[PDB]
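In what follows, a structure is listed as structure tokens, so that the remarks can point back to it.
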Amino acid sequence: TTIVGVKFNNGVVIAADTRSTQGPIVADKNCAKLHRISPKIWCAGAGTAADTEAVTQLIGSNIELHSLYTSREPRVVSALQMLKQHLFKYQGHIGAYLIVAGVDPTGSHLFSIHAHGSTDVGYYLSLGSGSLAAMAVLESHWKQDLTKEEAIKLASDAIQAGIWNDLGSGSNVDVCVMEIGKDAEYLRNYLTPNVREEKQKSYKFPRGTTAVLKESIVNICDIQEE
Amino acid sequence: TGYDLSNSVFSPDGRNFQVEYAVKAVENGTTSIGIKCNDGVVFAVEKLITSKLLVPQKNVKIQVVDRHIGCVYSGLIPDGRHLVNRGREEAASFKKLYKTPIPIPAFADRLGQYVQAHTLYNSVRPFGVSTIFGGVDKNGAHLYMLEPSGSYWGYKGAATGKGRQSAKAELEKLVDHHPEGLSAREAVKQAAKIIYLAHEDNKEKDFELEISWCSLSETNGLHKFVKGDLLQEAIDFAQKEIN
Amino acid sequence: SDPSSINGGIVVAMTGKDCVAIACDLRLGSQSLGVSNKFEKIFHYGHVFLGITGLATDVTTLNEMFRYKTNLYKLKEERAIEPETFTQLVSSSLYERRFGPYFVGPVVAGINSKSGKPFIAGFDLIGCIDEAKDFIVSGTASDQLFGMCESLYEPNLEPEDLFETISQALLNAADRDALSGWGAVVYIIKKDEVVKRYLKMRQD
Amino acid sequence: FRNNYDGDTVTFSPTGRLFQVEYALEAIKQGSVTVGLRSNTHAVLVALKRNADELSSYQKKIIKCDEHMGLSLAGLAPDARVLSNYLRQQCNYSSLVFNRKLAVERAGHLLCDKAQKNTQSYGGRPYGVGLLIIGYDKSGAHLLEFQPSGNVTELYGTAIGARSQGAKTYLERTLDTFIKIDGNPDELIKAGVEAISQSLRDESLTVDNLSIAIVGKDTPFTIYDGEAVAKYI
Amino acid sequence: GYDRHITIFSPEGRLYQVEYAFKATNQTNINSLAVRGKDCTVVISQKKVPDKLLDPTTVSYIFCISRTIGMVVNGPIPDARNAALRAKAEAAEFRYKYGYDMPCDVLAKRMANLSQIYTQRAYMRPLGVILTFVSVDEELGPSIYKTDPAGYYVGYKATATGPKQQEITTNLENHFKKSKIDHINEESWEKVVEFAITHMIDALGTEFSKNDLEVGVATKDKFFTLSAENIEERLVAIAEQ
Amino acid sequence: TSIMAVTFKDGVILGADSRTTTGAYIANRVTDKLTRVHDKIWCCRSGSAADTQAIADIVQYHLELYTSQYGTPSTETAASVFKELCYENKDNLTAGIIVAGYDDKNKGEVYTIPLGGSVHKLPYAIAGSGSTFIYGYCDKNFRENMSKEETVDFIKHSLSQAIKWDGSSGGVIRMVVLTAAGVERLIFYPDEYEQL
Amino acid sequence: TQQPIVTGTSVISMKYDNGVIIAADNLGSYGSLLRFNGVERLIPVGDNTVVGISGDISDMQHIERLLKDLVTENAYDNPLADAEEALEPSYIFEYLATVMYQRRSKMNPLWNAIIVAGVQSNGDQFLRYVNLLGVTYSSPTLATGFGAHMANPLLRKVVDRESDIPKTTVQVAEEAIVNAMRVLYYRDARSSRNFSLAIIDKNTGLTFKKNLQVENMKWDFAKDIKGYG
Amino acid sequence: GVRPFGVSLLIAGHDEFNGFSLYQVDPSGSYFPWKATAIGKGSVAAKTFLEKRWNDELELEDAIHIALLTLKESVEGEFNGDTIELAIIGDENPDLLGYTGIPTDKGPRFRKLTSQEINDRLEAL
């Protein structure tokens with residue numbers, strides 16, 4: 001898990017790797033980790049996987065409810081607040097730790113939220129277990145008032161340091177750039193290290209290698225009225 | 001009308017008929033006055049002596065609240081006594097939580113919401129007392145009066161019961177003589193005369209004069225009944241001038 | 001022994017061209033005692049198939065549970081259960097016991113009836129929604145199975161080819177598992193019809 | 001005015017006088033006569049024990065509430081009961097928690113309030129029964145009257161129920177004599193007998209009917225009958 | 001009639017109870033005025049001057065609900081107070097819930113929904129007050145939202161309320177057509193107050209003292225009441241007419 | 001973690017560091033912990049960040065209601081509302097909260113609410129990791145009704161020694177100056193005071 | 001379950017012929033760290049009672065506030081009261097005990113050890129003890145914790161029994177308390193130099209002597225020794 | 001003791017499975033799909049007009065012009081696009097999805113037509 005957040009002048013860019021693991025076995029080659037609270041409020045989730053999806057779905061609705069109720073796009077801080085209280089109640093057993101990002105009419109934000117209930121603001125943040133690796137690049141190169149263009153390089157390069165050092169970081173890098181006044185530009189598969197390669201040898205079996213003891217054909221199809 | 005036979009229906013009057021009746025009852029109570037002074041307040045009340053079998057100064061109408069809020073009320077005695085008792089309970093919660101005595105307008109607001117609900121609902125009979133209350137809190141001296149309507153305002157004088165008419169007239173001198181309010185000791189004497197002339201409207205039974213005060217300069221901003229010699233003296237001042 | 005692995009069992013699914021397969025072994029054991037040679041655990045709600053691994057009493061419970069909920073779906077909405085909606089449905093339930101989760105591994109397989117689109121998805125104890133369309137594995141011997149499925153499987157398999165591939169994957173893991181060995185059944189599920197084949201394999 | 005306004009506690013007449021209240025008072029007039037009086041050091045209640053017929057035992061209407069408390073009823077029997085058990089309850093709470101005997105005055109403020117709650121409420125019963133409560137606290141002897149209204153009043157002497165005219169007059173006259181008399185249980189108890197004869201149409205003077213209670217700074221709450229009230233009768 | 005009393009639908013299907021609330025909210029006879037300047041929102045209400053038995057200042061109709069948001073109340077006082085609680089309360093709760101200051105528009109919507117619940121409650125009799133929220137809103141800038149006793153609500157460019165509301169409206173309508181915008185002229189916050197004071201005097205025909213008015217002014221991040229004497233500074237040029 | 005407030009002639013000055021560490025890792029070096037609960041009542045947070053942050057939001061909304069209905073809260077009033085929640089939940093929630101706020105009538109007021117949860121007015125207050133280190137240094141150097149500039153300096157002198165002795169203390173010394181003027185921010189880089 | 005966090009220390013007290021004396025140093029320690037060196041642990045209620053509270057400071061204020069309300073409650077209803085049903089040390093005492101045992105029954109006490117000292121309406125001297133488990137006794141001499149072992153034995157030399165009460169004058173009693181507190185400062189670390197003294201005498205009311213100091217420290221023995229050297 | 005909702009709806013909508021759909025929901029709590037329905041004072045008038053001029057098989061573009069005319073019988077003092085709120089549920093708008101770069105998610109079906117847009121549609125009538 002390596003997730004980054006970088007403010008840039010006219011927005012913010014969030015990135016995280018697609019590779020998913022359940023234990024030391026790779027569950028999914030690709031499955032994006034970047035989840036949609038709303039069109040311009042995205043977050044990427046770390047922690048217990050199950051909890052991260054569930055909390056996003058439950059809270060999602062209330063945020064959607066808010067939006068329509070008020071005829072106005074909720075604040076980035078509004079999502080932040082609502083998220084924080086939920087976790088706090090269970091004193092963090094619900095173990096979602098999230099980078100909350102977004103743009104809204106107020107402006108651009110980047111926060112972190114932990115299951116215990118602690119918050120921070122960062123210009124540039126990193127989360128996951130690959131936080132340590134990604135940050136190091138960030139802290140060595142980042143300057144004040146990076147361009148959008150520059151944020152996007154610094155960002156992607158940082159995910160690469162995660163990939164190579166953290167086993168669970170891997171495959172395609174997916175990026176969502178949220179800019180003031182514009183539809184988020186989800187850059188699906190921005191980065192590709194390498195992909196599945198076909199095995200040298202074929203594992204095609206001539207028919208009749210499987211033996212067939214008995215057969216019963218099931219009809220899920222509609223029996224005649226006749 | 002049927003609005004008098006079903007509480008809490010919006011009359012085309014805009015005020016339900018029952019609530020109006022409730023006000024009328026305030027008048028059947030005793031002349032009670034309050035005087036806002038320059039560093040405290042005075043409460044004064046006419047307590048009719050029913051008979052010789054009644055026992056001096058033992059069912060006193062003046063009631064203590066908190067430790068700085070002086071309270072007296074006119075109309076249904078049973079209704080008011082429950083209300084004063086409700087009031088302490090509210091103040092109590094306020095003290096524990098915020099670790100501070102209740103401001104007098106805080107106290108008025110809290111009471112205000114309590115009355116309001118109990119008229120907006122069918123189930124709960126409208127209150128039918130007017131309460132004179134106040135004393136010396138942090139923001140100093142205040143005199144407020146709480147209508148059973150649930151309006152309350154700040155005042156510089158209060159008068160209620162039957163003989164309020166007499167009372168208001170005598171209160172106009174106070175303001176002209178001093179925008180400040182009269183000195184708290186001297187206002188004990190004025191207050192007796194006001195109750196006594198307004199007992200010429202309520203002479204049919206005997207009466208006893210009961211005064212109290214909460215004053216920063218003569219009470220240290222705690223509540224006390226004025227008793228003994230100050231009280232007996234006050235009666236003479238009044239007796240002398242109405243002669 | 002955690003309650004799931006008392007009863008183990010395995011499920012392995014693959015997509016092929018215009019078809020899905022869902023297949024399992026037939027061994028039911030509790031510990032050292034094997035209890036029944038023949039025992040099913042893949043059920044179907046309409047054209048959508050669900051096999052379920054794990055703790056046996058919880059298997060039975062959830063199967064009823066879902067049968068109940070899916071009945072209402074087809075009646076009220078006046079359309080067949082799809083795989084897409086069904087994946088969310090399995091997920092919702094699983095999460096409600098966060099603490100003390102159902103000790104099961106559900107596996108969806110079915111074809112969306114609106115475009116023929118082959119669909120498989122898996123689940124663990126805690127409601128993870130796994131989107132691998134290549135293959136999905138589940139049970140105790142999930143780890144074994146993954147290792148077969150990753151070498152043997154190839155993108156794009158003819159229906160009759162896919163049937164051989166999955167069968168060898170199920171069979172060899174079976175004999176390298178303890179809590180499996182007895183018999184097998186493969187559902188090969190196509191948009192037109194279902195052929196269900198009881199295989200002949202080695203038995204202890 | 002049957003039904004309509006003043007037919008239920010919530011609904012006001014225009015003037016705002018409940019007609020029901022006067023009826024609850026009427027229940028007291030229908031009630032057993034009792035005369036209460038005091039001196040500084042003793043409080044003495046005299047009550048005629050009503051009976052249906054000869055064979056029915058002369059029934060106590062003076063009820064000991066506590067060791068140092070007691071009450072007498074005139075009015076509706078069910079109401080008196082719910083109230084009396086409550087008197088007992090409150091006195092026990094204070095003794096346990098706060099050490100003290102429940103003061104007589106302070107118990108009355110609560111009793112008032114309880115009556116007003118039923119007047120606020122939709123439904124329920126405003127208590128339709130009047131109670132003469134006597135007690136010995138650290139303020140010495142007291143005598144209250146509890147009204148169906150709720151109001152509690154410290155009075156030297158009062159009488160409620162049937163033909164109150166003769167005993168009230170009698171008390172006004174002898175007011176000065178029994179209040180000076182202290183340190184004499186026996187004489188207070190005499191004053192009180194003499195008082196109840198005036199109220200009665202000489203229905204009975206029997207030892208068998210009059211029951212006298214006394215609580216003060218001297219005697220605990222003790223019920224006196226037969227021979228003990230034959231001294232003074 | 002029983003038909004008058006039922007909280008449930010009347011035979012007409014338009015409540016008698018609702019028409020009644022509308023009667024009520026003109027018992028006090030408070031003519032109030034609220035306009036939108038460029039960057040300032042002015043609210044004015046008659047401050048009655050009673051007898052000396054009451055203090056005049058204390059008597060008010062303009063109340064500070066929260067930061068930025070003020071409320072002018074038209075219709076009886078005890079019901080005003082009842083309502084007032086619920087609005088102060090929600091502004092706080094929203095700030096807790098959502099971690100940002102509540103916008104004007106959202107507070108009015110909440111209160112329309114509570115109004116409607118009141119006629120569904122049998123016991124409850126509907127509140128018979130006008131709540132007009134004024135603010136310098138977070139996004140929208142100067143904002144006026146007027147809420148009816150029934151529970152209808154609508155926004156305003158400018159408004160007046162009272163039995164004599166009609167006269168004031170006309171002046172404000174024609175003014176805005178000549179000015180060809182919806183904002184009272186001048187960026188300056190001070191002189192817009194004075195244009196409001198003046199327009200109130202005209203319509204009603206009665207010159208009001210500082211004693212007879214109260215002036216609440218919205219700026220960025222405060223709603224606050226001016227001094228008695230501040231009012232006078234405006235009033236003096238105007239007063240000779 | 002080192003936090004402090006020190007009264008002076010014209011009010012009170014709130015100071016804090018800003019470096020918060022998780023294990024050995026510095027999680028954020030620029031953490032804000034001067035949190036406005038009221039216009040001129042601010043609080044300083046130490047202990048568990050999660051818990052103090054929740055606490056501070058609850059109090060905050062409470063003082064808004066108090067301002068509107070009952071009139072403006074004073075520093076004492078605030079100290080009680082912080083106390084009561086801290087006390088009943090002394091065990092579940094860890095809290096080292098300094099409630100300080102400025103009345104023009106009583107100048108600067110500082111009240112410390114320890115874990116146990118009690119109100120104690122002090123001329124100055126220290127808490128967190130770094131307070132043990134400076135406990136005696138401050139007593140030696142305490143001066144009542146001092147100049148505003150001397151107050152700035154003092155905070156700076158004492159905290160530099162906290163950083164030396166404690167490596168989790170550090171980052172920008174932020175300040176909220178409460179005097180009648182208003183609310184003023186000062187920010188002082190490590191670069192200045194560490195070499196000083 | 002309440003567990004000690006902030007701490008308090010010994011309270012010494014005794015009966016004598018016309019009243020009682022209670023004294024306690026002024027500390028609110030946080031363990032080894034003597035955080036607060038002047039948190040006044042004696043809380044007078046009227047002149048009638050002075051209630052000495054040791055153990056947690058947090059609960060000292062909880063109870064302090066209960067007492068503040070209790071004064072107001074008493075004054076409600078029959079306010080011409082002043083010595084009748086008006087509060088006594090016993091009234092106060094009984095209330096605390098009952099709450100305390102209910103707190104212990106929810107396995108979460110208020111963690112204090114308390115001595116109520118004062119003079120009844122009769123004039124009789126009152127000294128009665130109650131603590132967090134709910135141990136109740138009265139004794140001519142009473143002390144808590146460290147005081148129990150050290151300042152109690154000297155008190156007993158004087159007021160050995162009931163009969164000795166009259167013989168003990170308020171003057172001897174005054175010497176006795178003051179001398180004893182010096183000893184506790186010498187050999188307990190918790191104990192500060194500052195102490196407060198409160199005398200409830202039936203005739204002179206409350207005489208509350210604050211901020212007295214312990215002097216005449218012994219270092220005459222310190223200078224004799226140099227140990228091994 | 002709780003009165004019926006004071007309102008009767010049309011819920012018009014679009015979903016994938018059952019295409020465009022048109023409903024009425026009655027404050028009773030009975031609902032019915034229609035080809036065409038209108039409600040309010042001018043319900044009589046309108047329904048007959050739609051019948052004459054249109055049937056479902058006709059395209060949408062024609063119906064918008066038709067609907068304006070129908071509503072125009074109702075009131076003729078002002079028909080300006082300020083006082084008239086007109087919307088369509090139709091095709092997706094992948095612009096208004098608002099998180100472009102993912103195409104598979106359906107955009108919003110609903111698009112509310114501005115006053116200016118109404119005025120364009122008035123000169124097409």
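Ordered as shown in the structure tokens, chains take letters A, B, and onward, while each chain numbers its residues from 1 and ligands are numbered from 1 in the order shown.
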- Item | Within 6 Å of stretch 58-75 of chain E using only C-alpha atoms, minus same-chain residues under 4 positions, as a PyMOL selection string | (chain B and resi 154) or (chain E and resi 25-26+28+88+129-135+221-223)
Within 8 Å of chain G, which residues of chain F come that close, and what is the closest atom pair and distance in Å for each? Count only C-alpha atoms and give it as CSV.
residue,atom,partner,partner_atom,distance
F:87,CA,G:58,CA,7.5
F:91,CA,G:2,CA,7.5
F:115,CA,G:5,CA,7.9
F:116,CA,G:5,CA,6.0
F:117,CA,G:58,CA,5.9
F:118,CA,G:58,CA,5.3
Could you turn the residues from that selection into a file that holds N, CA and C atoms, as a PDB file, in the first residue's frame?
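Final output, part-v4.pdb:
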ATOM      1  N   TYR F  87     -13.898  14.554  33.335  1.00  0.00           N
ATOM      2  CA  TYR F  87     -14.010  13.814  34.562  1.00  0.00           C
ATOM      3  C   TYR F  87     -14.755  12.485  34.522  1.00  0.00           C
ATOM      4  N   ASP F  91     -11.175   7.832  32.623  1.00  0.00           N
ATOM      5  CA  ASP F  91     -10.473   6.642  32.282  1.00  0.00           C
ATOM      6  C   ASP F  91     -10.449   6.382  30.743  1.00  0.00           C
ATOM      7  N   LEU F 115      -5.104  14.888  33.379  1.00  0.00           N
ATOM      8  CA  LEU F 115      -5.802  13.663  33.008  1.00  0.00           C
ATOM      9  C   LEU F 115      -6.956  13.487  33.977  1.00  0.00           C
ATOM     10  N   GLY F 116      -6.658  13.592  35.381  1.00  0.00           N
ATOM     11  CA  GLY F 116      -7.664  13.356  36.358  1.00  0.00           C
ATOM     12  C   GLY F 116      -8.856  14.190  36.208  1.00  0.00           C
ATOM     13  N   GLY F 117      -8.639  15.474  35.832  1.00  0.00           N
ATOM     14  CA  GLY F 117      -9.669  16.405  35.443  1.00  0.00           C
ATOM     15  C   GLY F 117     -10.066  17.252  36.520  1.00  0.00           C
ATOM     16  N   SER F 118      -9.350  18.383  36.695  1.00  0.00           N
ATOM     17  CA  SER F 118      -9.691  19.354  37.742  1.00  0.00           C
ATOM     18  C   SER F 118      -9.173  20.672  37.284  1.00  0.00           C
TER      19      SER F 118
END
- Task: as a ChimeraX atom specification, list the residues of stretch 67-121 of chain D assigned to strand (DSSP E or B) by DSSP on the backbone atoms of this structure.
- Result: /D:69-75
- Task: Between A:115, A:63, A:220, A:176, single out the one closest to chain H, counting only C-alpha atoms.
- Result: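 Smallest distance to chain H is found for A:176.
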Each residue of chain C lying at most 7 Å from chain A should get a row with its shortest atom-to-atom pair and the distance in Å to one decimal, counting only C-alpha atoms; could you produce that, ordered by chain and increasing number, as a tab-separated table?
residue	atom	partner	partner_atom	distance
C:46	CA	A:220	CA	6.9
C:47	CA	A:220	CA	6.8
C:126	CA	A:50	CA	6.3
C:127	CA	A:50	CA	6.1
C:128	CA	A:50	CA	5.3
C:132	CA	A:28	CA	6.1
C:152	CA	A:203	CA	5.5
C:164	CA	A:210	CA	5.7
C:167	CA	A:210	CA	6.8
C:193	CA	A:219	CA	6.5
C:194	CA	A:218	CA	5.5
C:195	CA	A:217	CA	4.8
C:196	CA	A:216	CA	5.6
C:197	CA	A:215	CA	4.7
C:198	CA	A:214	CA	5.3
C:199	CA	A:212	CA	4.7
C:200	CA	A:213	CA	4.8
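Using only C-alpha atoms, the nearest neighbour of chain A within the list H:116, H:93, H:100, H:43 is H:100.
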- Restrict the distance test to only C-alpha atoms, flag each residue of chain E within 7 Å of chain H, and return the flagged residues as a ChimeraX atom specification. /E:8-9,120,122
From a DSSP calculation on the backbone, collect every residue of chain E in helix (DSSP H, G or I) and output the set as a compact mmCIF listing (two decimals) with C-alpha atoms, in the first residue's frame.
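Output file selection_21.txt follows:
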# COMPACT_ATOMS: atom_id res chain seq x y z
CA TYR E 2 -65.23 21.33 14.24
CA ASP E 3 -64.09 21.84 10.69
CA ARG E 4 -61.97 24.87 11.96
CA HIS E 5 -60.36 22.87 14.65
CA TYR E 16 -58.46 27.16 8.29
CA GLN E 17 -55.64 26.93 10.84
CA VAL E 18 -53.16 28.28 8.31
CA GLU E 19 -55.30 31.38 7.43
CA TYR E 20 -55.48 31.92 11.24
CA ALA E 21 -51.75 32.01 11.75
CA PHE E 22 -51.62 34.70 8.99
CA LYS E 23 -54.06 36.82 11.10
CA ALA E 24 -51.88 36.58 14.10
CA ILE E 77 -43.46 37.51 21.28
CA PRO E 78 -43.82 34.31 23.32
CA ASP E 79 -44.05 32.27 20.13
CA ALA E 80 -41.17 34.18 18.73
CA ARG E 81 -38.99 32.90 21.57
CA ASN E 82 -40.08 29.38 21.04
CA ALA E 83 -39.08 29.38 17.52
CA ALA E 84 -35.84 31.14 18.16
CA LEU E 85 -34.44 28.29 20.20
CA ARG E 86 -34.66 25.74 17.46
CA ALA E 87 -32.87 27.93 14.89
CA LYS E 88 -30.00 28.96 17.24
CA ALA E 89 -29.77 25.28 18.18
CA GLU E 90 -29.44 23.93 14.68
CA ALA E 91 -26.72 26.38 13.64
CA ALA E 92 -24.66 25.00 16.41
CA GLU E 93 -25.42 21.39 15.69
CA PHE E 94 -24.56 21.82 11.93
CA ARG E 95 -21.23 23.23 12.84
CA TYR E 96 -20.58 20.15 15.00
CA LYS E 97 -21.93 17.68 12.41
CA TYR E 98 -20.30 19.12 9.44
CA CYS E 104 -28.43 30.71 5.27
CA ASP E 105 -30.41 28.74 2.73
CA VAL E 106 -30.09 25.47 4.63
CA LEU E 107 -31.31 26.92 8.01
CA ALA E 108 -34.60 28.17 6.35
CA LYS E 109 -35.19 24.75 4.77
CA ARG E 110 -34.84 23.05 8.04
CA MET E 111 -37.47 25.37 9.64
CA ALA E 112 -40.01 24.83 6.77
CA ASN E 113 -39.87 21.14 7.42
CA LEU E 114 -40.46 21.67 11.22
CA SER E 115 -43.48 24.00 10.45
CA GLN E 116 -45.21 21.24 8.42
CA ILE E 117 -44.55 18.64 11.12
CA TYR E 118 -46.52 20.94 13.50
CA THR E 119 -49.87 20.50 11.70
CA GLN E 120 -49.23 16.66 11.68
CA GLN E 165 -46.25 46.54 4.17
CA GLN E 166 -47.92 47.59 0.94
CA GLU E 167 -46.67 51.18 0.80
CA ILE E 168 -43.07 50.32 1.47
CA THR E 169 -43.03 47.69 -1.36
CA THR E 170 -43.96 50.15 -3.97
CA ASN E 171 -41.08 52.45 -3.31
CA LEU E 172 -38.61 49.66 -3.36
CA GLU E 173 -39.94 48.23 -6.59
CA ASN E 174 -39.71 51.51 -8.58
CA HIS E 175 -36.31 52.29 -7.08
CA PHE E 176 -34.85 49.08 -8.36
CA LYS E 177 -36.19 49.61 -11.89
CA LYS E 178 -34.58 53.13 -12.07
CA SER E 179 -31.34 51.86 -10.60
CA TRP E 189 -21.96 49.99 4.15
CA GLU E 190 -22.88 53.18 6.09
CA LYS E 191 -24.84 55.13 3.44
CA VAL E 192 -26.88 52.05 2.48
CA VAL E 193 -28.16 52.03 6.01
CA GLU E 194 -29.17 55.63 5.56
CA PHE E 195 -30.92 54.98 2.17
CA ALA E 196 -32.90 52.26 4.14
CA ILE E 197 -33.77 54.60 6.95
CA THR E 198 -34.93 57.24 4.61
CA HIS E 199 -37.07 54.84 2.51
CA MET E 200 -38.82 53.57 5.69
CA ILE E 201 -39.62 57.11 6.74
CA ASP E 202 -41.05 57.92 3.27
CA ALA E 203 -43.39 55.08 2.76
CA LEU E 204 -44.86 55.13 6.26
CA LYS E 210 -33.35 56.61 17.14
CA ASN E 211 -35.76 55.69 19.96
CA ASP E 212 -38.20 54.40 17.38
CA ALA E 228 -28.59 54.25 19.62
CA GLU E 229 -26.42 57.26 18.66
CA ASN E 230 -25.18 55.75 15.39
CA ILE E 231 -28.68 55.78 14.06
CA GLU E 232 -28.88 59.51 14.80
CA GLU E 233 -25.88 60.36 12.58
CA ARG E 234 -27.97 59.25 9.59
CA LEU E 235 -31.25 60.47 10.74
CA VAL E 236 -30.26 64.27 11.17
CA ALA E 237 -29.85 65.27 7.46
CA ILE E 238 -32.98 63.33 6.64
CA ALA E 239 -35.08 64.74 9.54
- Task: Skip residue A:107 itself and residues of its chain fewer than 4 positions away, then list as JSON, numbers by chain all residues within 9 Å of it, counting only C-alpha atoms.
- Result: {"A": [11, 75, 76, 102, 103, 180]}
- Message: Applying 12 Å and only C-alpha atoms, which residues near residue C:140 remain after dropping the ones on its own chain fewer than 5 positions away? List them as a VMD selection string.
- Response: chain C and resid 1 to 12 53 to 55 103 to 105 124 to 125 145 to 146 173 to 174 176 to 180
- Item | Length of the atom CA of residue B:224 to atom CA of residue B:44 vector [Å] |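 Those two atoms sit 12.4 Å apart.
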Which residues are close to residue F:121, i.e. within 10 Å by only C-alpha atoms, leaving aside same-chain residues fewer than 5 positions away? Reply as a PDB file with N, CA, C and O atoms, in the first residue's frame.
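This went into part_13.pdb:
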ATOM      1  N   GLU F  76     -13.469  30.925  32.933  1.00  0.00           N
ATOM      2  CA  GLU F  76     -13.831  30.006  33.979  1.00  0.00           C
ATOM      3  C   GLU F  76     -14.896  29.088  33.468  1.00  0.00           C
ATOM      4  O   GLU F  76     -14.864  27.905  33.778  1.00  0.00           O
ATOM      5  N   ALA F  79     -13.715  26.396  31.360  1.00  0.00           N
ATOM      6  CA  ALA F  79     -12.853  25.450  32.070  1.00  0.00           C
ATOM      7  C   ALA F  79     -13.727  24.426  32.629  1.00  0.00           C
ATOM      8  O   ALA F  79     -13.288  23.242  32.657  1.00  0.00           O
ATOM      9  N   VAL F  99      -6.965  25.223  29.107  1.00  0.00           N
ATOM     10  CA  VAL F  99      -7.987  26.146  28.665  1.00  0.00           C
ATOM     11  C   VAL F  99      -7.483  27.407  29.175  1.00  0.00           C
ATOM     12  O   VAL F  99      -7.319  27.639  30.391  1.00  0.00           O
ATOM     13  N   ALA F 100      -7.219  28.359  28.214  1.00  0.00           N
ATOM     14  CA  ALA F 100      -6.801  29.728  28.532  1.00  0.00           C
ATOM     15  C   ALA F 100      -7.525  30.595  27.658  1.00  0.00           C
ATOM     16  O   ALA F 100      -7.707  30.318  26.444  1.00  0.00           O
ATOM     17  N   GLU F 109      -6.009  34.528  31.851  1.00  0.00           N
ATOM     18  CA  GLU F 109      -6.398  33.514  32.863  1.00  0.00           C
ATOM     19  C   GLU F 109      -5.812  32.251  32.297  1.00  0.00           C
ATOM     20  O   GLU F 109      -5.943  32.023  31.089  1.00  0.00           O
ATOM     21  N   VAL F 110      -5.217  31.300  33.070  1.00  0.00           N
ATOM     22  CA  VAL F 110      -4.732  30.038  32.560  1.00  0.00           C
ATOM     23  C   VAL F 110      -5.251  28.995  33.486  1.00  0.00           C
ATOM     24  O   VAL F 110      -4.885  29.020  34.632  1.00  0.00           O
ATOM     25  N   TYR F 111      -5.949  28.014  32.963  1.00  0.00           N
ATOM     26  CA  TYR F 111      -6.394  26.945  33.791  1.00  0.00           C
ATOM     27  C   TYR F 111      -5.947  25.611  33.182  1.00  0.00           C
ATOM     28  O   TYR F 111      -6.020  25.413  31.980  1.00  0.00           O
ATOM     29  N   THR F 112      -5.273  24.706  33.932  1.00  0.00           N
ATOM     30  CA  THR F 112      -4.780  23.407  33.425  1.00  0.00           C
ATOM     31  C   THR F 112      -5.782  22.364  33.905  1.00  0.00           C
ATOM     32  O   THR F 112      -6.273  22.384  35.012  1.00  0.00           O
ATOM     33  N   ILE F 113      -6.111  21.376  33.014  1.00  0.00           N
ATOM     34  CA  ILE F 113      -7.053  20.307  33.242  1.00  0.00           C
ATOM     35  C   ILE F 113      -6.106  19.120  33.003  1.00  0.00           C
ATOM     36  O   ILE F 113      -5.939  18.681  31.861  1.00  0.00           O
TER      37      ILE F 113
END
- Find, counting only C-alpha atoms, the residue in B:55, B:106, B:65, B:184 that gets nearest to chain G.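 Using only C-alpha atoms, the shortest distance to chain G belongs to B:65.
The neighbours of residue B:219 here are the residues that come within 12 Å of it, using only C-alpha atoms and leaving out any residue fewer than 3 positions away in the same chain; they are residues 39, 40, 41, 42, 67, 68, 135, 136, 184, 185, 212, 213, 214, 215, 216, 222, 223, 224, 225 and 226 of chain B.
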